[PDB]
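Have a look at coords.cif; it's mmCIF, N, CA and C atoms:
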data_input
#
loop_
_atom_site.label_atom_id
_atom_site.label_comp_id
_atom_site.auth_asym_id
_atom_site.auth_seq_id
_atom_site.Cartn_x
_atom_site.Cartn_y
_atom_site.Cartn_z
N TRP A 1 11.61 0.73 17.04
CA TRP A 1 10.23 0.25 16.97
C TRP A 1 9.18 1.35 16.95
N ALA A 2 9.38 2.41 17.72
CA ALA A 2 8.45 3.53 17.65
C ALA A 2 8.37 4.09 16.23
N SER A 3 9.51 4.25 15.58
CA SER A 3 9.51 4.72 14.20
C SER A 3 8.82 3.71 13.29
N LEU A 4 9.01 2.42 13.55
CA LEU A 4 8.34 1.39 12.75
C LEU A 4 6.82 1.52 12.83
N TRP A 5 6.27 1.72 14.04
CA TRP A 5 4.81 1.86 14.14
C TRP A 5 4.32 3.08 13.37
N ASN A 6 5.09 4.18 13.40
CA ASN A 6 4.69 5.38 12.68
C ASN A 6 4.72 5.15 11.17
N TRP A 7 5.73 4.44 10.67
CA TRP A 7 5.77 4.09 9.26
C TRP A 7 4.65 3.12 8.87
N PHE A 8 4.37 2.11 9.71
CA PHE A 8 3.21 1.25 9.46
C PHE A 8 1.95 2.08 9.30
N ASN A 9 1.78 3.08 10.16
CA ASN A 9 0.58 3.91 10.14
C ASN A 9 0.52 4.75 8.87
N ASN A 10 1.64 5.38 8.49
CA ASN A 10 1.66 6.24 7.31
C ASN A 10 1.36 5.44 6.05
N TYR A 11 1.90 4.23 5.94
CA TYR A 11 1.70 3.43 4.74
C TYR A 11 0.31 2.83 4.70
N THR A 12 -0.25 2.46 5.86
CA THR A 12 -1.60 1.94 5.88
C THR A 12 -2.60 2.99 5.41
N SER A 13 -2.42 4.24 5.84
CA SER A 13 -3.35 5.28 5.41
C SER A 13 -3.15 5.62 3.94
N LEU A 14 -1.90 5.62 3.48
CA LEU A 14 -1.63 5.85 2.08
C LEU A 14 -2.26 4.76 1.22
N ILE A 15 -2.10 3.50 1.63
CA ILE A 15 -2.66 2.40 0.85
C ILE A 15 -4.18 2.50 0.79
N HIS A 16 -4.82 2.85 1.91
CA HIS A 16 -6.28 2.95 1.88
C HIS A 16 -6.73 4.01 0.89
N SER A 17 -6.02 5.14 0.82
CA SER A 17 -6.36 6.17 -0.16
C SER A 17 -6.25 5.63 -1.58
N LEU A 18 -5.15 4.94 -1.87
CA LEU A 18 -4.93 4.43 -3.21
C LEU A 18 -5.95 3.36 -3.57
N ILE A 19 -6.36 2.54 -2.60
CA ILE A 19 -7.39 1.55 -2.86
C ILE A 19 -8.74 2.23 -3.11
N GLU A 20 -9.09 3.21 -2.27
CA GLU A 20 -10.35 3.93 -2.44
C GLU A 20 -10.43 4.56 -3.82
N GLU A 21 -9.36 5.23 -4.23
CA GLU A 21 -9.34 5.85 -5.55
C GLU A 21 -9.50 4.81 -6.65
N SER A 22 -8.89 3.63 -6.46
CA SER A 22 -9.04 2.54 -7.42
C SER A 22 -10.48 2.03 -7.46
N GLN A 23 -11.15 1.96 -6.30
CA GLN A 23 -12.55 1.55 -6.27
C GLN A 23 -13.42 2.54 -7.02
N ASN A 24 -13.21 3.84 -6.77
CA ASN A 24 -13.98 4.86 -7.45
C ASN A 24 -13.77 4.81 -8.95
N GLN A 25 -12.51 4.69 -9.39
CA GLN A 25 -12.24 4.61 -10.82
C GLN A 25 -12.81 3.34 -11.44
N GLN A 26 -12.81 2.22 -10.70
CA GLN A 26 -13.39 1.00 -11.22
C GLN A 26 -14.88 1.18 -11.45
N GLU A 27 -15.58 1.84 -10.52
CA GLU A 27 -17.00 2.07 -10.72
C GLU A 27 -17.25 3.00 -11.89
N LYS A 28 -16.40 4.02 -12.04
CA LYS A 28 -16.53 4.95 -13.16
C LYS A 28 -16.32 4.24 -14.49
N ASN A 29 -15.27 3.42 -14.58
CA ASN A 29 -15.02 2.70 -15.83
C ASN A 29 -16.16 1.77 -16.17
N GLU A 30 -16.74 1.11 -15.17
CA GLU A 30 -17.82 0.16 -15.44
C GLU A 30 -19.02 0.88 -16.02
N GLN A 31 -19.31 2.07 -15.50
CA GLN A 31 -20.43 2.87 -15.96
C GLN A 31 -20.14 3.56 -17.29
N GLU A 32 -18.91 4.02 -17.50
CA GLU A 32 -18.59 4.77 -18.70
C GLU A 32 -18.30 3.87 -19.89
N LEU A 33 -17.78 2.67 -19.66
CA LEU A 33 -17.34 1.79 -20.74
C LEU A 33 -18.20 0.55 -20.91
N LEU A 34 -18.96 0.15 -19.89
CA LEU A 34 -19.86 -0.99 -20.01
C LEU A 34 -21.33 -0.58 -20.00
N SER B 1 -9.29 6.07 -21.53
CA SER B 1 -8.26 6.72 -20.72
C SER B 1 -8.43 6.30 -19.27
N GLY B 2 -9.66 5.95 -18.91
CA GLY B 2 -9.94 5.48 -17.56
C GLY B 2 -9.29 4.14 -17.27
N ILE B 3 -9.10 3.32 -18.29
CA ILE B 3 -8.41 2.05 -18.12
C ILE B 3 -6.92 2.28 -17.84
N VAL B 4 -6.29 3.21 -18.59
CA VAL B 4 -4.88 3.52 -18.38
C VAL B 4 -4.67 4.17 -17.02
N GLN B 5 -5.59 5.05 -16.62
CA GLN B 5 -5.54 5.66 -15.30
C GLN B 5 -5.69 4.62 -14.20
N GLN B 6 -6.57 3.64 -14.41
CA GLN B 6 -6.74 2.57 -13.43
C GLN B 6 -5.51 1.69 -13.34
N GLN B 7 -4.78 1.50 -14.44
CA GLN B 7 -3.53 0.76 -14.33
C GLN B 7 -2.51 1.53 -13.49
N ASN B 8 -2.48 2.86 -13.61
CA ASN B 8 -1.62 3.64 -12.74
C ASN B 8 -2.04 3.50 -11.29
N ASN B 9 -3.35 3.56 -11.03
CA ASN B 9 -3.85 3.44 -9.66
C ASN B 9 -3.41 2.13 -9.03
N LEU B 10 -3.57 1.01 -9.74
CA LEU B 10 -3.25 -0.29 -9.15
C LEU B 10 -1.75 -0.45 -8.98
N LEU B 11 -0.97 0.05 -9.94
CA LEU B 11 0.48 0.02 -9.79
C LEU B 11 0.92 0.79 -8.55
N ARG B 12 0.34 1.96 -8.32
CA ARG B 12 0.73 2.75 -7.15
C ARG B 12 0.36 2.03 -5.85
N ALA B 13 -0.80 1.38 -5.84
CA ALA B 13 -1.19 0.55 -4.70
C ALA B 13 -0.18 -0.58 -4.45
N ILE B 14 0.22 -1.28 -5.52
CA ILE B 14 1.19 -2.38 -5.43
C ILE B 14 2.53 -1.87 -4.90
N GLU B 15 2.96 -0.68 -5.36
CA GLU B 15 4.20 -0.07 -4.87
C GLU B 15 4.12 0.24 -3.38
N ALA B 16 3.02 0.84 -2.93
CA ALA B 16 2.88 1.17 -1.51
C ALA B 16 2.79 -0.09 -0.66
N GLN B 17 2.08 -1.12 -1.14
CA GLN B 17 2.06 -2.39 -0.43
C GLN B 17 3.46 -2.99 -0.31
N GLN B 18 4.27 -2.87 -1.36
CA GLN B 18 5.65 -3.36 -1.28
C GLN B 18 6.44 -2.65 -0.19
N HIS B 19 6.25 -1.34 -0.03
CA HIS B 19 6.95 -0.62 1.03
C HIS B 19 6.48 -1.10 2.40
N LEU B 20 5.18 -1.36 2.55
CA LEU B 20 4.69 -1.91 3.81
C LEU B 20 5.26 -3.32 4.06
N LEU B 21 5.32 -4.12 3.01
CA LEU B 21 5.84 -5.48 3.13
C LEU B 21 7.30 -5.48 3.59
N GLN B 22 8.10 -4.57 3.04
CA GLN B 22 9.49 -4.46 3.43
C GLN B 22 9.64 -4.00 4.87
N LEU B 23 8.70 -3.18 5.36
CA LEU B 23 8.71 -2.79 6.76
C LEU B 23 8.42 -3.97 7.67
N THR B 24 7.48 -4.84 7.27
CA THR B 24 7.23 -6.05 8.05
C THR B 24 8.42 -7.00 8.03
N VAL B 25 9.12 -7.10 6.90
CA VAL B 25 10.33 -7.92 6.85
C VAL B 25 11.36 -7.39 7.84
N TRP B 26 11.56 -6.07 7.86
CA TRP B 26 12.46 -5.47 8.83
C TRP B 26 12.09 -5.87 10.25
N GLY B 27 10.81 -5.75 10.61
CA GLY B 27 10.38 -6.07 11.96
C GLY B 27 10.61 -7.53 12.32
N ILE B 28 10.37 -8.43 11.37
CA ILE B 28 10.59 -9.86 11.61
C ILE B 28 12.05 -10.14 11.88
N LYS B 29 12.95 -9.56 11.08
CA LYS B 29 14.38 -9.78 11.30
C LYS B 29 14.83 -9.22 12.64
N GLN B 30 14.29 -8.06 13.04
CA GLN B 30 14.62 -7.46 14.32
C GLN B 30 14.11 -8.31 15.49
N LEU B 31 12.90 -8.84 15.37
CA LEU B 31 12.38 -9.74 16.39
C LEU B 31 13.22 -11.00 16.49
N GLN B 32 13.56 -11.59 15.35
CA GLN B 32 14.40 -12.78 15.38
C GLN B 32 15.72 -12.50 16.08
N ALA B 33 16.33 -11.34 15.82
CA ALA B 33 17.62 -11.02 16.41
C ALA B 33 17.52 -10.93 17.93
N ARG B 34 16.43 -10.36 18.44
CA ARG B 34 16.27 -10.23 19.88
C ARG B 34 15.91 -11.55 20.56
N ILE B 35 15.27 -12.47 19.84
CA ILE B 35 14.85 -13.74 20.44
C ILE B 35 15.99 -14.75 20.53
N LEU B 36 16.91 -14.75 19.57
CA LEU B 36 17.98 -15.74 19.53
C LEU B 36 19.19 -15.29 20.33
#
Please go through the file and, once you have read it, give me the structure as structure tokens.
Amino acid sequence: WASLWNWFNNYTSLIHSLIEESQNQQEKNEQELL
Amino acid sequence: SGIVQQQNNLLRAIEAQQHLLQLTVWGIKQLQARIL
């Protein structure tokens, strides 16, 4: 279980990075293409 | 090119979410084993 909490933490932070980058790219595409 | 890059971004997000989902499945099975 201790290892499980650490993996939950690592993946949650990874996912937030990937979502943030997707938000930034979505705003860029909207401005550059629309 | 920004559209193709955004498809990569969302795919990578979906992949990471799948790894988190599989970790929650593991925890549920482990909890069930200890409760029964």
Quick one: which chain B residues come within 8 Å of chain A, and what is the nearest atom pair for each with the distance in Å to one decimal, counting all atoms listed in the file, rows ordered by chain and ascending number, as a Markdown table?
| residue | atom | partner | partner_atom | distance |
| --- | --- | --- | --- | --- |
| B:2 | CA | A:29 | CA | 6.0 |
| B:3 | N | A:29 | CA | 6.4 |
| B:5 | C | A:25 | CA | 7.4 |
| B:6 | CA | A:25 | CA | 6.4 |
| B:9 | CA | A:22 | CA | 5.7 |
| B:10 | N | A:22 | CA | 6.1 |
| B:12 | C | A:18 | CA | 6.4 |
| B:13 | CA | A:18 | CA | 5.6 |
| B:14 | N | A:15 | CA | 7.9 |
| B:16 | CA | A:15 | CA | 6.1 |
| B:17 | N | A:15 | CA | 6.2 |
| B:19 | C | A:11 | CA | 7.0 |
| B:20 | CA | A:11 | CA | 6.2 |
| B:23 | CA | A:8 | N | 7.2 |
| B:24 | N | A:8 | CA | 7.8 |
| B:27 | CA | A:4 | CA | 7.8 |
Practice task
Rounded to one decimal place, report the atom N of residue B:32-atom C of residue B:15 distance in Å.
Solution key: 24.1 Å
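Picture a line from atom CA of residue A:13 to atom C of residue B:31; it runs 25.7 Å.
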Practice task
Could you jot down the atom CA of residue B:21 to atom CA of residue B:8 separation for me, Å, one decimal place?
Solution key: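 For atom CA of residue B:21 relative to atom CA of residue B:8, the distance reads 19.8 Å.
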Axis-aligned box for all listed atoms of stretch 14-28 of chain A, 3 Å per side, centre and edges in Å to one decimal, as AutoDock Vina command-line options:
--center_x -9.4 --center_y 3.6 --center_z -5.5 --size_x 21.6 --size_y 11.2 --size_z 24.0
